[PDB]
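Report on the structure
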Amino acid sequence: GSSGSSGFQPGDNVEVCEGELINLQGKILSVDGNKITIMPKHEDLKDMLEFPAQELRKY
């Protein structure tokens, strides 16, 4: 099998620092190199989203 590429790992709780989706917290699902696919914690939203490591920040 595999272990885990070098970088950030999904599952941790992070939030957006800059951008339009600022002040947006949520859990990480996976890590796509420069892009990070996660899912925001909001009822209004019923789907997952992907943001750049730059937009997302670990708090």
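The deposited coordinates, according to the entry record, derive from solution NMR.

**Topic: the nonpolar core**
Core analysis: the biggest nonpolar cluster contains eight residues, these being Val14, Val16, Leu24, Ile28, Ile36, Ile38, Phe51 and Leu56. Elements with a contribution of two residues or more to this core: β1 (13-16) and β3 (35-40). The residues touching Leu24, leaving out its near neighbours within four places in the chain, are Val14, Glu15, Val16, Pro40 and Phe51.

**As for a nonpolar patch on the surface**
A contiguous nonpolar patch, built from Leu29, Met39 and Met48 and spanning about 290 Å² of accessible area, is present on the exposed surface. Position of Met39 relative to the elements: it lies in strand β3.

**Some points on unusual backbone geometry**
At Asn23, a residue that is not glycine, the phi angle is positive and equals roughly 55°. Relative to the helices and strands, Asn23 is located in the loop between β1 and β2 (25-28). When its relative accessible area of 55% is taken as the criterion, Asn23 is described as exposed.

**Thoughts on the layout of surface pockets**
Taken as a whole, the largest pocket spans an internal volume of roughly 200 Å³. No other element matches strand β5 (residues 56-58), which puts three residues into the lining of the largest pocket. Split into classes, the residues belonging to the lining of the largest pocket amount to six nonpolar, one polar and three charged.

**What to know about the environment of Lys41**
Summarising the element assignment, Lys41 is placed in the loop between β3 and β4 (49-52). Measuring from C-alpha to C-alpha, the distance between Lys41 and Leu24 comes to 8.2 Å, with 17 residues separating the pair along the chain. Excluding residues that lie within four positions of it along the chain, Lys41 makes contacts with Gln25 and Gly26.

Definitions and limits used
Residues numbered from 1 in each chain as written, not as in the entry; some residues may be left out. Heavy atoms only, no water. Core = buried A, V, L, I, M, F, W, Y, C linked by side-chain atoms within 4.5 Å. Buried < 20%, exposed > 50% of the residue type's maximum accessible area, 1.4 Å probe, protein only. Helix = DSSP H or I, 4+ residues; strand = E, 2+ residues; numbered from the N terminus. Contact = heavy atoms within 4.5 Å. Patch = residues over 30% accessible without salt bridge, like charges linked within 9 Å, V, L, I, M, F, W, Y side chains within 5 Å. Areas by Shrake-Rupley, 256 points an atom, 1.4 Å probe, with all protein chains shown as cover. Salt bridge = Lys/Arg side-chain N within 4 Å of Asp/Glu carboxyl O. 1 Å grid on protein atoms, 1.4 Å probe; cavity = no way out; pocket = protein on both sides within 12 Å on 5 of 7 lines; lining within 4 Å. Points joined across faces, edges and corners; volume = space filled by probe spheres on them. Nonpolar A, V, L, I, M, F, W, Y, C, P; charged D, E, K, R; others polar.

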